[PDB]
Amino acid sequence: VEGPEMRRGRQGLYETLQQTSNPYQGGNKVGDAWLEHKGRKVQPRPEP
Amino acid sequence: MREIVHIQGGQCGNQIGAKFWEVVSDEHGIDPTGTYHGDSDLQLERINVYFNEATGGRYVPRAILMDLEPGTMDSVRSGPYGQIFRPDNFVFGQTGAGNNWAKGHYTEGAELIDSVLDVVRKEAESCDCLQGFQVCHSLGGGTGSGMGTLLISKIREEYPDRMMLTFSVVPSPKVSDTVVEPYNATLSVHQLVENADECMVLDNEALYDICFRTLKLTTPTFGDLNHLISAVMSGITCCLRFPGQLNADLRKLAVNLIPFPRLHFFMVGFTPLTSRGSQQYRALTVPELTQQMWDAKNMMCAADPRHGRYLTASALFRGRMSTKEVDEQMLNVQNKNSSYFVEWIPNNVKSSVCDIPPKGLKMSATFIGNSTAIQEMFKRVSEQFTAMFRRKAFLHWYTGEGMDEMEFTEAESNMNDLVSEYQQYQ
Amino acid sequence: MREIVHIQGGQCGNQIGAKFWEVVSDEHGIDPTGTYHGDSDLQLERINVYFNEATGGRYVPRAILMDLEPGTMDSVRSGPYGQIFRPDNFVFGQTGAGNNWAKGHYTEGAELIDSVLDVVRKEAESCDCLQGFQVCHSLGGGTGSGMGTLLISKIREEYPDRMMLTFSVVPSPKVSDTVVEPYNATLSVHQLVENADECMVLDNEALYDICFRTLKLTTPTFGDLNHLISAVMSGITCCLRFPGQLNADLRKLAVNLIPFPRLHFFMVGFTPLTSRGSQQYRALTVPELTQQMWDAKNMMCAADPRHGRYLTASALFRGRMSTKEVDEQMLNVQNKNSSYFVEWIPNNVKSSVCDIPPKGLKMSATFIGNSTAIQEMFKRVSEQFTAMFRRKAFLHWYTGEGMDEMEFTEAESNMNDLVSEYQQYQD
Amino acid sequence: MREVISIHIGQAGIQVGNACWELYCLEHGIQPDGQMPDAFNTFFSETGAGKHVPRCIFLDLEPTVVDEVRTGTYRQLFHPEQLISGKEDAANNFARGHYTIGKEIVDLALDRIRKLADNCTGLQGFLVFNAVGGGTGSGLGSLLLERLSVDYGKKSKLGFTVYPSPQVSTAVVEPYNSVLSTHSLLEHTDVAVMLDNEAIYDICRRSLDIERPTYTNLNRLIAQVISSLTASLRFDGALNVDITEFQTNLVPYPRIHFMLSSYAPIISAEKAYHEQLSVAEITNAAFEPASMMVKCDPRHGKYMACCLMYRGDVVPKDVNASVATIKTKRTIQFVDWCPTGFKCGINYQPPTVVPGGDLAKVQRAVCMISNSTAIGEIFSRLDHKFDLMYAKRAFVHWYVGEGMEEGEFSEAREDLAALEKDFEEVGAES
Amino acid sequence: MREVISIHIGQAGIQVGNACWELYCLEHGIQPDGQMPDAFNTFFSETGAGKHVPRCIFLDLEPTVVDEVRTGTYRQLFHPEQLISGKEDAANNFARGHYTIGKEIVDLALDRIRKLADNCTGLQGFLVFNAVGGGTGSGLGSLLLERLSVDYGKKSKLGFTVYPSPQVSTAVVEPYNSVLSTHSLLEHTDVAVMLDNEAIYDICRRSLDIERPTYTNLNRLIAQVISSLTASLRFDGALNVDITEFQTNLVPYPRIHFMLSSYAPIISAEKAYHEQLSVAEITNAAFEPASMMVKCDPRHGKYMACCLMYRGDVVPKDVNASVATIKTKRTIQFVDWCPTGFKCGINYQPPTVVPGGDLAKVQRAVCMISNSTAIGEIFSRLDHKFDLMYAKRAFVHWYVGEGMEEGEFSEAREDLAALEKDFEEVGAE
């Protein structure tokens, strides 16, 4: 029967150890606590 | 041609070496079906160290799986890269030790050691110049703790001049996994003193600490800890399987890390572990590898290295790396921290470089450190045994199987003997 | 090979220090991603002052951002130019001091200041030569005051041969943003006198009338306020990162502007402040720069320079300028009104020229004034602190965390010492 | 991650708790089923997949008000175990809520709080809601407030208490229960933000211009005050404030911790278009006495410490400009020893509008929460009412039967003499 | 091969076993007729062409509870002659199930154990299910466990025994039956797991909010615990615990082998939506005393040994953090000579849900079995009930005439007297 993270979505430590891919400009955003820090809302407006 | 025979012991050993061959075969470019799919001839340049050529290009490891219950036989067979092993190396029991060190060593280990010793004798004779034997097991259990240490005593008598690499996990201090850990560990360490050439101490709670703080993994699974062990198991044999500007095999490390024959326990770690968030922003250079090398948070042992003096140290750098930049930063860490290195051995740190790095990484390094701080693990394991032994609890299981209580009394005496020997050199 | 470490503390520090990193990244020419996109090769000459080389040519700032409240780093990362900072430098807390100097300095700082000196030390010996440290925090608050000044005290003990800038914002004269501002201002001053090598003061109402009367904008926001705060700090280090005819490093800004070690507090002013509707009528000539630079309205502190003389003045000119007109204008203002200058220092004004101007503008200047008129900013806070303390107001919150009134008596004793010695040298 | 655990005791708290949690689900967009169609995380804990439960307990000895929530529009919103009921109510008796009935329910009540404490990582504080005139509002809260202080050290508590008006009240022993509850909230509650029942009736009649309001209408604009002060914790702002920021900013002395409350824009939907709602107009309306949530004339008293909670499209200069204009007005008077009297908390979100509510959609809003010396007028009239009640020991025999003793009446009266004399001397010029 | 044989003795054995194999066939996909539409070998032996039969025997002296299984929906699952019946009941007589009518029925039982043991390749242990208050469970269980000890030496024998409650005893001669059963189970059974029918009643009333529970709802909760202890065999995990792993790591002394039982998440369907069930929260619920399945208070005792069986999607990272947080709590106490008091076992399959059962779908679950010094409270109390009854020889004439003479009462009294002296010295610091 499959383990926890095989059904969570993140599989193995290949990407984070071999340092392939990239969190920014990429697809994988499921691993790192800095990445799942959501943070407050954004109300953007350029400086006048 | 300097080949290594792998022995995997018990629940911990069979799971560690499952991911260990899952990484090394990927490092050498081996697909799940055991054939070859690589691109550089350097990968196939030294495969006799770990693999055997078979008919049709099949690559089978020299790994002997040994355990007392058949539960882990399906666990490694149905896993990823789980079919690469020869079936004659699947020597297994049926009853299970049940965390009974006496059962793995005396009662049911007797009818299984004579079977696993035939397989090791089969694999050792087929290969030409044995660099040594690698064993992986646990110290808190009964199958890899008891029957694993019985294999060490038998294999040392048969091959006394060969080298034993003992890979052991130690019971964690802050968290307990089995109640009988003081009985299992203090007994298993004692035969590791006279028989094992060198031992490489691992610890689970240090591996949990590394994943949560350094790698910043939200969920570190049971195999993520296993993956970090395999990254350092593959680093010890970096110079064997690959060329290098400065070569350092197993025996060159052992003579430079063992000043006295009973002080052969090491604390180890892997340098270039950066989190996914801090992945881009790290300028991967030699100063980064050194400042993470001697960080106490990067160690994979329960003992803080700042507590006890480093007796000897070893570094195995990997990558196209400047040999001066290695050397001028070994001197930097020795001079900036003078009290943590022992005085009566000049030039404690020993460094070597392997020209090819692991896949996807450009600069990497693995560590071995023979420190006198590891008595903190040794003293703590022993004092749990002394509190256990004076009440004689959890002992009727042990003494009902062929151990009188006196054989335990040499166990803490030898355990107190090493903490006496570590005490005088610090 | 001179490296400047930027330190931001608290709600005000992490928000307005972000915009300082907005303008430097816009002026050195790096994108929000982190790569170089500048036109000239002059920008790449001195990148090491503020940024670290990394993998893929990315430049990560030498900045540690630190506070006790998690709300700021939600805002810091979400804003533009927010991805560039290293997350290892993003050390934060969980409780939050909440405008209290005692919680930041003693109670809830003690479990975190040991963490922030691990992060600072990692970026300390990473670079070659520390020129010093710069910090931009708040004095009316508590998460950047108490937590900040303890860091400022600790780094001087560890690194005593390096220099300190404190771009500290003081409470406004006519309005107050927090009730307990006079306590946290005076307790921060008592620590910043003996630890900070020099101090530059910014005041929000001094920014408010500038952004309305001179910049002719009806509703500037806080981002408009922080821009002139961000613009002046880039004028501090203009001569470092870029060549020029005459170079003034940041140690020059210390050794020249400060006659005595206690008399180090300054005031700052950005010179070319013209609106969008009034720029094309104005001729961009260095007489027009020098008249605005010496104006009382242009200063970004609560003081009025007609009250007190300048002990030492400075000017950080940026661009291609004729230095004869630069020299003779400062000579003229020294000769037009010798009453407004301190008499017992001849030729009080320093000028240094950076050959490249900032983006868009072609001629600019940055006034640094160690004026004795800024004792009014000290005195008005000092009379507020005496009046609040004499009824022991708001004191059980402070003394309950490990404070006693001995420091509060001592904090006043250095507070009124400054206004006494600043008035003494004016006479 | 920071969280706040609101506490509501008494049926006044539950009806406020029905109104206050109505807006929190509406403002964050939570449907009554409890699903999302990290802003919720300061009030709602995630459970499983896309589900939110309130970080609150509804403990009350009266079961009819508790199960009304269990059968209302929010059946699947609240955790049924967090809603704690009682077999019999205290019924305007502090003795019944503190000693006899209260003891067998606070053991279960603190267990839920302990279960709530481990779920949240960093707990910012507790918001306590009760009516000091009620039995379980005075009794059960007082037993609960002292148990929280001995369990969680120094953690912030916000007393959002409902006091009876000296001119209008709906029970005869509310002076007894308010006096006895005040004896417990001085030593425990960090900030006691006051609310008057009759004062907000005048706001609905005059400013909100609805001539027939009910308690559902009255609780909503109270609930709009509660969200405005905590929205800075909820949402980003130019100058954010916190729960922990508020106590050390508005309480100068450890036994003067009472706050008056005022909400500036109170206009109807038809009035909303015709009013030029503006930053100067709302701030000038904030200091206007009829906008106060508590029936006070601040001309008689003086403002010691004040606090401005700004929501919406507010630029920094006019809120600072409104600071200067108030200080120039001789009508608004401050005590001479607190020159820095304003805290400006600006939030970028305009307040939400409740469907079917009397309040209209507005862009800018101000929540004034200010300490003042006019609060002693409330406690003097309550003490004057308590003096007539205790002059002949009427309504005392109920209290002595259920555990309480005669001497507790004198000790609670002794504190209000000390509280009243402390209000006068602090406001006294020196 | 990992192969275990479970025996069910007495009325409580049959009803627990009926709810047991109900959950076991649903776990492995076995239909009630036995037709599967690799891991079944722990409890089901494959027979012929695609049919599986339980590795159990339902032996009892009441014919009414045995043929209820025969007439029930599981007529095609169990073997016909593995459901052993009896002509005459023991009828609350310990001497009858030991000497009078227990002799002629134990020979048929041993034949079916031998036939089942030869069918299984490697036997892993024995599971027994009884209530010691009844005549059949105490009497025949004394004789049956005696015979398996001689026949099957040094083999693990797991005991799931149900004891009379402090407050409730639904039979009068239960203090006689319980004390005389403990004389036999002390030397022979390897691990005994104490259960009390009235502590499970408190669990069902509070956790499952059922005001009217019955024996079937009690046995659903028991079947979940037995499955959780044996799920390590049937499915893999990061840390899997054999039944042979279990005895040696939790039994410190030969005469101390009684265990407590705890299952952490007991949540109905309505409450499962709102409760955030994570590892740190449930490990506090496992050590919570109201969730303990016997009426001994662990605050009075000291935890000597403790085993944790974790089911479901349990990561191993937080179970180390969860155990350490328990050890930092002051209320949970450990004996001074055992600093290492935990055994954590992690299994990857979630517990199944039966259709119509009170338990709901839960992602992660914890089964805790511990050894504590508070077990002397349930043994000194039943000592007081038996000593008071033996003061004037109540209900003794029934026992004397059925073979068991008067010495066995004094002998079993002295055996439990040494047992009471045994718990007070092991807890001594």
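Think of it as A, B, C, D and E in the order they're written, each chain with its own count starting at 1.
The rule is short, and it goes like this: a residue touches a chain if its C-beta (ideal position, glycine included) is under 8 Å from a C-beta of that chain, and two chains touch if they have at least 3 such contacts.
Asker: Between chain pairs A-E and D-E, which one is joined by a greater number of C-beta pairs in contact?
Answerer: D-E
Asker: Which whole number of Å gives the spacing of the CA centres of chain B and chain C?
Answerer: Between these chains, centre-to-centre, one finds 54 Å.
Asker: Roughly how far is chain A from chain B, going centre to centre by Cα mean, in whole Å?
Answerer: Those two chain centres are 32 Å apart.
Asker: Taking each chain's centre as the mean position of its Cα atoms, how many Å separate chain C from chain D?
Answerer: So the centroids are 41 Å from each other.
Asker: Could you pull out the residues of chain A that touch at least 2 other chains?
Answerer: If we look for residues of chain A contacting two or more partner chains, we find 3-5, 24, 34, 39-40, 42.
Asker: Going by the contact rule already set, what residues in chain C reach two or more other chains?
Answerer: Chain C, residues with two or more chain partners: 71, 74-75, 87, 220-221.
Asker: Give me the residue numbers in chain D that touch at least two other chains, ranges are fine.
Answerer: 236
Asker: If we use the touch criterion from the header, which chain pairs count as touching?
Answerer: A-B, A-C, A-D, A-E, B-C, B-E, C-D, D-E
Asker: Which of the residues in chain A end up touching chain D in this complex?
Answerer: For chain A paired with chain D, touching residues are 38-43.
Asker: Which stretch or stretches of chain C touch chain D in the complex?
Answerer: Residues 11, 69-71, 74-75, 94-96, 98-100, 171-172, 174-182, 204-205, 208, 211-212, 219-222, 225, 384, 387-388, 390-391, 393-397.
Asker: Within their complex, state which residues of chain D touch chain E.
Answerer: 45-48, 51, 53, 76, 79-81, 115, 118-119
Asker: Which bits of chain B are touching chain A when the two form their complex?
Answerer: 215-219, 221-224, 227-228, 231, 272-280, 358-361
Asker: Quick one: which bits of chain A touch chain E in the complex? Just the residue numbers, please.
Answerer: 1-5, 7
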